[PDB]
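Take a look at the structure below.
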Number of protein chains: 6
Amino acid sequence: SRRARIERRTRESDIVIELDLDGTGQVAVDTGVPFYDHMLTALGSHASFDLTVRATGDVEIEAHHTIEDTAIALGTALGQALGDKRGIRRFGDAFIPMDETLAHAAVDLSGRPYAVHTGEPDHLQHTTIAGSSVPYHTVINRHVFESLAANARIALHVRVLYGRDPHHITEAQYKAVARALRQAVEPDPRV
Amino acid sequence: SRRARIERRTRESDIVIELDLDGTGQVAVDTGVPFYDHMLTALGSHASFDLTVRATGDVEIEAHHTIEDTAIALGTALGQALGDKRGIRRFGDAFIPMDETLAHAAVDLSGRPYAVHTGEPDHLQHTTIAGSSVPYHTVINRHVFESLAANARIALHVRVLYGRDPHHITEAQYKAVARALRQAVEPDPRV
Amino acid sequence: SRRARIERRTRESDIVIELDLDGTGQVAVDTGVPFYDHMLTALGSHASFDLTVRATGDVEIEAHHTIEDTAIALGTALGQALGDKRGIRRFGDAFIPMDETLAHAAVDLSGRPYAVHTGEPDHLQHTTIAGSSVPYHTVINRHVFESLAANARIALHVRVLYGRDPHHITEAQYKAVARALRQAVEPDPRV
Amino acid sequence: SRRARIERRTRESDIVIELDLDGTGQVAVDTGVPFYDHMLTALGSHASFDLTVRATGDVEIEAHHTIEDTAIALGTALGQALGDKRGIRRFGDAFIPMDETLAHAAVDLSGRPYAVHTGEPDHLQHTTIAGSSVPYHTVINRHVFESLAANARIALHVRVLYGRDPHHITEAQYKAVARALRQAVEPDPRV
Amino acid sequence: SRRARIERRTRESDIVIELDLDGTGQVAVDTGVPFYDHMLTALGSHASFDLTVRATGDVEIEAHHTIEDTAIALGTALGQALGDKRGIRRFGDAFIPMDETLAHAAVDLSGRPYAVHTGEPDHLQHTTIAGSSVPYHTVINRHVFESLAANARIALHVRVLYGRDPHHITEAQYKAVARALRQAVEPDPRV
Amino acid sequence: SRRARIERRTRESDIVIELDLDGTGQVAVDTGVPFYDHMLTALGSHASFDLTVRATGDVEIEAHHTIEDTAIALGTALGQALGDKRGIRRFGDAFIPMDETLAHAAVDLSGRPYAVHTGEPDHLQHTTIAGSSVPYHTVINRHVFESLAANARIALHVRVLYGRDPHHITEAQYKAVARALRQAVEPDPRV
Ligand SMILES: [Cl-]
Ligand SMILES: [Cl-]
Ligand SMILES: [Mn+2]
Ligand SMILES: [Mn+2]
Ligand SMILES: [Mn+2]
Ligand SMILES: [Mn+2]
Ligand SMILES: [Mn+2]
Ligand SMILES: [Mn+2]
Ligand SMILES: [Mn+2]
Ligand SMILES: [Mn+2]
Ligand SMILES: [Mn+2]
Ligand SMILES: [Mn+2]
Ligand SMILES: [Mn+2]
Ligand SMILES: [Mn+2]
């Protein structure tokens with residue numbers, strides 16, 4: 001059994017995560033930031049986790065604090081569910097083509113906490129993905145992966161090999177992280 | 001006693017500031033611009049002021065006029081609370097690391113009115129921090145520090161040594177200004 | 001059962017494809033273009049498909065139309081054999097070193113139709129691989145992968161990381177596509 | 001009372017740290033790596049900690065694992081001794097001139113775990129400080145500060161403004177970190 | 001059974017290798033060069049080989065001849081244990097993040113003997129990893145991979161995508177080679 | 001008691017310095033070079049020294065010899081007043097904004113004698129500040145700080161981060177040196 005429930009209440013947000021590493025993609029995410037909900041739903045589903053995320057935070061300021069607190073709590077849940085990490089593949093990686101975009105992620109689940117994020121085009125430092133509700137500033141992508149790696153205590157390297165559309169670029173990264181995690185957490189039949 | 005109450009009514013906004021330089025961080029800010037509220041709350045708290053700010057303005061146009069009028073009134077309140085400036089440290093400075101960002105501020109409280117703002121990355125000239133309410137255009141950061149310095153009649157130099165995330169870059173600057181002010185207004189035991 | 005038989009008759013060529021995704025590498029290819037036969041035999045074998053390809057076309061003009069029509073028909077056969085794509089890994093990728101060459105391919109079998117081809121050295125835009133029969137112009141490699149992706153309705157990204165010999169560069173790409181497809185079409189035990 | 005005792009046994013090393021944040025510079029360090037002993041003795045002394053460090057590790061390979069494990073354990077001890085961090089200055093910074101070298105460090109003790117290391121001249125990426133015993137590869141300086149920040153869960157920014165001699169450059173950084181920590185952990189009389 | 005015992009006696013060194021491709025990571029390496037012992041122990045363990053290596057050589061000159069003779073003997077043992085290579089995955093690759101470093105290796109076990117080594121930073125051409133015993137000159141990394149590929153008669157491509165610390169850069173490469181070999185030697189259930 | 005009286009008679013000048021490190025800014029300076037008097041008065045006052053300086057020298061040639069001899073004598077007085085340096089902060093630094101100029105100084109009072117002066121704009125190498133009496137050539141600023149550091153036997157690093165007006169640039173440096181010294185000579189309550 002590799003499950004964790006994390007509650008994290010701060011001045012800026014209130015978060016509950018329930019995570020099962022050995023799931024079937026049963027995912028429900030509600031943070032008040034719908035593009036982030038979409039990204040974390042893709043992450044949970046493509047990692048074949050079961051994942052529920054309920055977050056409320058100070059989105060009148062912007063999504064940053066809610067996005068960051070959620071990623072901290074999620075990284076904490078991941079590290080706690082991994083337990084002693086015995087018998088697992090440990091290393092995982094995944095390429096994700098998404099139309100014109102190609103992204104990649106590589107992880108070491110027993111590596112020191114460390115995140116490296118490279119290749120994302122410069123326009124994503126000031127791009128906004130905006131709909132009818134709270135918008136998502138793609139400059140936060142790097143922050144999400146850093147917070148996940150720092151709190152799960154894993155090495156996480158995310159690369160954009162190339163791409164143009166900011167939604168493709170972002171979604172392909174979250175999916176690459178997802179499928180790298182999926183490979184790395186699997187039981188290793190020879191360890 | 002180093003307190004000031006400033007009311008400033010213009011065609012564009014109505015502002016009330018109550019400031020105590022010798023406070024404990026009791027801060028309440030409501031300008032209609034929630035990311036600005038967050039910045040001025042960090043400023044008051046990290047300066048160990050007691051500060052209330054109540055502003056209403058023409059945010060249907062954008063936050064600029066409200067942000068500017070508030071900073072003018074706040075600078076006026078600061079200069080009035082400082083009184084004759086006798087016996088104070090006068091000079092203060094502070095570095096603020098915030099994840100990948102490092103900012104710095106230096107002040108001379110008896111210097112001529114003057115503001116110098118350097119190092120902020122170019123993408124902050126056209127970045128927007130947007131949530132569920134009135135957004136904040138980071139190009140205004142420079143204007144806020146200029147207006148504060150002009151109306152408090154102080155020298156205020158704010159630097160971004162490096163950084164990426166616009167919220168970190170902005171918040172680290174407001175906190176650096178805050179802690180520089182905190183040091184400079186303190187009684188100097190040798191003057 | 002994941003099989004398809006495609007017949008495609010055009011003014012320029014007559015093609016029959018029989019494809020089984022769940023094969024053991026039983027492959028027989030005869031297009032009149034022997035280096036292309038070699039490439040498609042490597043593709044079928046390294047994908048662990050069973051594949052027969054019988055093509056006759058207007059090779060008095062050059063191999064292009066036969067090569068293109070065959071790749072269209074093959075992509076069509078692949079998409080038809082995949083059926084509803086339920087329960088499959090969906091994503092696949094493969095590196096292929098071949099002496100001095102390193103190539104890579106990544107696929108998303110449920111992605112929109114899309115092909116990206118990068119890194120192939122410039123001399124392959126005007127190289128000919130010539131033997132005793134109809135020659136093969138390596139400029140067509142990109143066209144083959146585009147036609148496959150367009151008609152299988154998949155995302156296919158093919159990269160040459162480096163290399164020199166045009167036969168190694170070409171063959172390593174076809175094998176990389178092959179092993180990426182092999183991984184992606186496999187049943188996924190967790191979906 | 002702000003004390004911590006950390007024992008850390010790994011396959012590569014065995015470490016015991018005893019730390020008191022409110023000390024008088026009573027420092028004893030023995031890691032088997034004498035230049036590192038010198039650096040950590042300067043760190044403990046200039047931070048006005050009381051610090052004992054006893055480390056034995058696989059220095060037949062090189063000092064890296066012992067240096068890294070010691071810095072991990074020390075960062076852990078620092079974070080544990082800080083406890084709830086209430087009432088402290090939180091922010092601290094220090095410039096250290098050392099002959100031709102000038103270094104600087106800035107910390108946020110309640111900031112997310114984060115380290116930024118800039119300005120160190122390129123020759124320190126492959127310099128060795130060698131005496132009669134196990135040598136010290138200055139490329140590890142960055143690693144030490146990263147490991148400290150990661151495990152104390154603090155923001156630590158270390159800069160070399162300029163310098164030439166690798167011993168001055170290194171020692172000035174450790175002292176700058178030391179005096180930044182010393183300032184940041186002090187009780188803040190206004191919080 | 002996929003085992004080999006190689007003895008190699010030259011004027012410069014005396015080597016015994018015992019290798020089992022189908023092992024559980026039972027590894028014991030003693031070459032007189034402790035950082036090399038560490039690298040080959042990581043290689044055997046991450047490849048899930050069982051591997052014993054006993055080497056004595058002319059380390060009064062330097063480790064080169066012992067390192068090279070050991071890698072020749074090990075490559076010979078690998079090729080002999082692979083036997084006819086029937087039924088195996090043949091191709092394998094692995095990404096290894098190690099803090100700031102990312103390395104990758106790709107292999108073709110039935111490819112002609114060939115090694116390509118790219119991306120290692122220039123400072124590794126003259127870096128020394130030195131402890132209390134015989135040191136390791138990182139310029140030899142390329143030589144080790146060449147000798148392995150030449151004598152196992154395999155294609156081995158090793159890449160450093162990026163990195164800084166010479167121990168991370170080196171160790172990540174040996175682990176990447178290890179996990180690429182592990183994947184490639186596995187029985188392929190469809191061949 | 002931390003006081004020193006230095007008399008220095010040379011062929012070029014006659015100097016008397018009386019210095020008290022623990023003063024209240026009671027300063028009287030008369031060297032025959034009124035802009036230098038202004039600079040040394042700012043230095044004594046902002047350092048919270050009590051300082052009298054009486055110098056007469058060969059100002060028919062130019063102020064250099066008088067300026068240099070005075071700075072030598074003053075540095076000597078500082079080092080003699082510091083005595084054994086026990087129990088002091090040792091390190092000190094200060095930023096000084098002055099309208100458009102920002103300067104900084106950092107000191108180590110127990111460091112080897114050493115001065116580093118950087119950032120001063122090139123026009124100060126040939127600028128003259130001239131009034132009704134003996135003029136001041138700003139090229140001498142560097143010389144003053146060198147002579148002070150050499151004879152007080154301290155490390156003194158002075159930086160101009162930016163600026164334009166030569167009087168602001170010069171005065172901000174002398175004040176920065178002053179406030180760095182003030183911090184460094186203070187009793188350290190923990191040493
Ligand atoms: Cl790659
Ligand atoms: Cl600075
Ligand atoms: Mn943040
Ligand atoms: Mn989408
Ligand atoms: Mn305006
Ligand atoms: Mn914030
Ligand atoms: Mn065509
Ligand atoms: Mn061939
Ligand atoms: Mn390490
Ligand atoms: Mn030293
Ligand atoms: Mn050799
Ligand atoms: Mn290691
Ligand atoms: Mn001179
Ligand atoms: Mn003046």
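Chain identifiers are assigned alphabetically (A, B, ...) following the order of the sequence lines, protein sequences preceding nucleic acid strands; residue numbering begins at 1 within each chain.
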With chain D, the option among E/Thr127, E/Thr128, E/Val33 that has the most non-hydrogen atom pairs under 4.5 Å is E/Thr128
Give, for atom CD of D/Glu68 and atom CG of E/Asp99, the distance between the pair rounded to the nearest 0.5 Å. 6.0 Å
Please name the pair of heavy atoms, one in E/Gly131 and one in D/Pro135, separated by the smallest distance, quoted to 0.1 Å. O-CD, 3.8 Å
Does the pair E/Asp165 and D/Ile140 meet the rule for a side-chain contact (heavy atoms from CB on, under 4.5 Å), with working shown? CA-CA 7 Å; E/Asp165 179 278; D/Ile140 207 72; 4.0 Å; yes
Please report the shortest heavy-atom distance between D/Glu60 and E/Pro34, naming the atom on each side. O-CB, 3.3 Å
Decide, yes or no, whether a salt bridge links E/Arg164 with D/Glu146 under the criterion of side-chain N to carboxylate O below 4.0 Å. no
Please determine whether the number of non-hydrogen atoms from other residues, nucleotides or ligands lying under 6.0 Å from atom CG of D/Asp84 exceeds 12. yes
With rounding to the nearest 0.5 Å, note down the distance linking CG in D/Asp58 to NE2 in E/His38. 7.0 Å
Check whether any side-chain heavy atom of D/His143 lies under 4.5 Å from a side-chain heavy atom of E/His168, and answer yes or no. yes
Around atom CZ of D/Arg2, are there more than 12 heavy atoms of other residues, nucleotides or ligands at under 6.0 Å? yes
Between CD1 on residue E/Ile129 and CD1 on residue D/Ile61, distance to nearest 0.5 Å: 10.0 Å
Give the ring-plane orientation class for D/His64 versus E/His167, where under 30° counts as parallel, over 60° as perpendicular and anything between as tilted. tilted
Correct closest heavy-atom pair for D/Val134 and E/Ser132 would be CG2-CB, 4.3 Å
